[PDB]
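Chains as they are written, first to last, in the deposited numbering: chain A, 28 to 100; chain A', 28 to 100. A prime marks a further copy of an entry chain.
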């Protein structure tokens, strides 16, 4: 049973890593299109709603959203 | 196009949040079974391999693994 639980963590990490890699590539695409338009970063609106969604995990959820933001350049 | 990219970030965040919530519940299950056996935490072996896997994202990947570990009690 602890074996099968650790195996399930391995699967969840594989999925999370794949999604996070892809979120960074989509974010960098967005940031390139925005910087080619000299557009203003959506820090107070968009990025705050991203943080709010992860905040449901607690304090570590806000820090997680912050890393995801750093990761997306 | 920036609209459709932001929509794809919304989907990736929804998936990541769901997986992270579940990883915390599996981790807490593992930690309960381990503490009921008075077993030694696998800090230097298991948790280091968890950090190594996320390290492929860079430095923010190691911090991400560290949060995932904190999140799983």
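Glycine included, each C-beta is placed from N, C-alpha and C at the ideal position.
Alpha carbon to alpha carbon, how far is residue 84 (chain A') from residue 55 (chain A)? About 14 Å.
Who are the Cβ neighbours of residue 58 (chain A) in its own chain at under 6 Å, not counting the five residues just before and after it? Closer than 6 Å at Cβ, skipping near neighbours: 100.
Residue 47 (chain A'): contacting residues in chain A (beta-carbon distance under 9 Å): Neighbours of residue 47 (chain A') in chain A, taken as residues whose beta carbon is under 9 Å from its own, are 39, 43, 81, 84, 88 and 91 in chain order.
Closer than 7 Å to chain A by CB, residue 98 (chain A'): Chain A has a Cβ within less than 7 Å of the Cβ of residue 98 (chain A').
My guess is that residue 92 (chain A) and residue 77 (chain A) are in contact by the Cβ rule of under 8 Å, so how many angstroms apart are they, rounded? About 5 Å separates the two Cβ atoms, so the contact holds.
Nearest-angstrom Cβ-Cβ length linking residue 39 (chain A') and residue 33 (chain A), presumed shorter than 8 Å: No, residue 39 (chain A') and residue 33 (chain A) are not in contact; Cβ-Cβ is about 25 Å, not under 8 Å.
Pick helix, strand or coil for residue 52 (chain A), following the three-state DSSP scheme. Reduced to three states, the DSSP call for residue 52 (chain A) is helix.
Does DSSP put residue 72 (chain A') in a helix, in a strand, or in coil? Correct three-state label for residue 72 (chain A'): helix.
What do you get for residue 66 (chain A'), buried or exposed, if any count of 16 or more other CB atoms within 10 angstroms of its CB means buried? The residue in question, residue 66 (chain A'), is exposed, as its Cβ has fewer than 16 Cβ neighbours within 10 Å.
Chain-ordered neighbours of residue 54 (chain A) on chain A', where CB pairs are closer than 9 Å: Here the neighbours are 32 and 36.
Is it true that the CB of residue 37 (chain A) sits closer than 7 Å to the CB of residue 94 (chain A')? Not in contact: residue 94 (chain A') and residue 37 (chain A) (Cβ atoms no closer than 7 Å).
Shorter than 7 Å from the beta carbon of residue 60 (chain A) to some beta carbon of chain A'? Answer yes: the Cβ-Cβ gap between residue 60 (chain A) and chain A' drops below 7 Å somewhere.
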